[PDB]
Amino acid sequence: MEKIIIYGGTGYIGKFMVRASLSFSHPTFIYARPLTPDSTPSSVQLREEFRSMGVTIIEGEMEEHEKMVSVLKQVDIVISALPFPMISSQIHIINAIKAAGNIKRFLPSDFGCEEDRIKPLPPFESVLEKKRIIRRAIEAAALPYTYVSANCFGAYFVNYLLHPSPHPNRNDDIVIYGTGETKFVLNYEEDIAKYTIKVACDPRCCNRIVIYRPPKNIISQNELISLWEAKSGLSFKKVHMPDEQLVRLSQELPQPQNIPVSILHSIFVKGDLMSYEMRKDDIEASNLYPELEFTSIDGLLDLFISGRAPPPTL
């Protein structure tokens, strides 16, 4: 099987990718920054867990070109799950990949919306521009790539939008962004990870934009809430944050506090995750692997009720 190295492997979505890679029998590696006295105990725990699972951990800084090239010459696929503050640093990955010359595929840290076909409010557009610059650098180096639009991380957004708790109360306030009829897609993290590993090894997805849009996971905030209320057995106080308020906040709030509201405006008001139809060269992943299936929204919510869903995260 193809050998896979993951940057940001100890991250929120990164850890799912590492486990999926191993589960699909791929020799797995991660390039990680050296630990420090302030390293969160969580980051320390994950590295120990990964090592015990057979993951090869290469410790180093992004600026260590020779170290990165040496490792990349030993693998076939590179997947980056680095966070926004580290997006620009991916240029070092691109340079090490080109120097190595043996890499079959590079998946930059996209995993969101399809940045090349949307234009959100200034605060969000600014961060998206960093990801676009990485894409332009990939194209300039002529590297084999796959740009993944994973759409909404399932557990991440259910926690954010519904904040499930042991004992819900009528007054545990539910916020609806915009009017709530805008369609978006919610995909469970474990599935996003599994499909990403398959996609990275699939020749059909080389040098292509791949979108995770399983038909059963397309939903509006109002539909999601109705489903959640039916399952939770109670009616929540629902409040709206209309388009105008989100726009106003994106302009009046300081940075980076103005980014969250800008992202919510893009996803739930402009509907940038469903305001476009699949293109010719565009690939929808749920149609690719008969052996795989995206967990339905109903299934994702049951995961939360059963108390087996990922915990809240920043």
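In this text, residue numbers run from 1 along the sequence as written.
As recorded in the PDB entry, 59-67 is the stretch of 59-67 and 22-30 with the greater mean C-alpha temperature factor.
Per-stretch averaging of Cα B factors for 33-41 and 47-55 places 33-41 on top. Highest CA B-factor among 247, 273, 263, 285, as stated in the entry: 273. Comparing the listed residues 105, 237, 183, 194, the entry records the largest Cα B-factor for 237. When the CA B factors of the chain's modelled residues are split into thirds, the value for residue 130 lands in the middle one. Per-chain ranking of the deposited C-alpha B factor places residue 163 in the highest third. For residue 172, the recorded CA temperature factor ranks within the highest third of the chain's modelled residues. Sort the modelled residues of the chain by CA B factor and residue 232 lands in the highest third. Ranked by C-alpha B-factor against the other modelled residues of its chain, residue 116 falls in the highest third.
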